[PDB]
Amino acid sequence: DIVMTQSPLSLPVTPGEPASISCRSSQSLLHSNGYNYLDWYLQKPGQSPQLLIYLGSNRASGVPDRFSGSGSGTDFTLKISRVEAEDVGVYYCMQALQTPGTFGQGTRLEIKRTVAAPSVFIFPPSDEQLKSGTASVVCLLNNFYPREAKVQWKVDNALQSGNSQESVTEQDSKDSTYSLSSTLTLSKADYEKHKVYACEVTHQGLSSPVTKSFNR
């Protein structure tokens, strides 16, 4: 099997700046007739891969002119002359020569933007979820940058350790922001033994951490 290694695996870029991703193969990919059997695929969040470059430096149909591939034999480069927010995704190289088609590990292209504070929101349990025995308090962090933030669950001013779960979206293609949710999952029994549920959130776009709360 041909080994493909890209570098780097994480490419943070500012819109309007160039980006460039290097691929290297263990075996030469030159000529099955004079061309380089190297392809570049992009996978936007939630979508299928799309072809960008084939046979080394040929732009696929409809791919923007800002995309370009170069190199020969064993060292290949994909270049984005000007990165746009809609370019966020994972970029894979692939060899198209020998029978086991093999890809690189992928290059996660993250988009750098101005610091944005989240809007925080807190959601009480459904009643129909209490006709089940379990209660889920939910905290939402909406449209923030960068992805670095943690939220602390407090019940009656008593911080919580083992109930929370977190989920993050991937970088929005328009705003370039992130959103995350955190779900406290308790039992009707212990949800109803308490009064004030806080969600305390610390991020780079505040000095004072924000705290949203509801009383039962």
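From 1 onward, residues are counted along the sequence shown.
Averaging CA B factors per stretch from the PDB record, which one is higher: 79-87 or 116-124?
Comparing averages over the C-alpha atoms only gives 116-124.
Averaging the C-alpha B factors as listed in the entry, name the stretch that ends up higher: 54-62 or 27-35.
On average, C-alpha B-factors are higher across 27-35.
Based on what the PDB entry reports, which of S176, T169, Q43, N157 has the top C-alpha B-factor?
So the option with the highest C-alpha B-factor is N157.
Hey, out of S10, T14, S207, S20, whose CA B-factor is highest in the deposited coordinates?
If I rank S10, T14, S207, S20 by C-alpha B-factor, first place goes to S207.
Taking the entry's C-alpha B-factors for this chain, is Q98 in the lowest, middle or highest third?
It belongs to the middle third of the chain when residues are ordered by C-alpha B-factor.
Among the modelled residues of this chain, does the Cα B factor of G133 put it in the lowest, middle or highest third?
Tercile = highest for this residue's CA B-factor.
Ranking the modelled residues of this chain by C-alpha B-factor as given in the entry, is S182 in the lowest, middle or highest third?
Within its chain, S182 is a middle-third residue by C-alpha B-factor, going by the deposited values.
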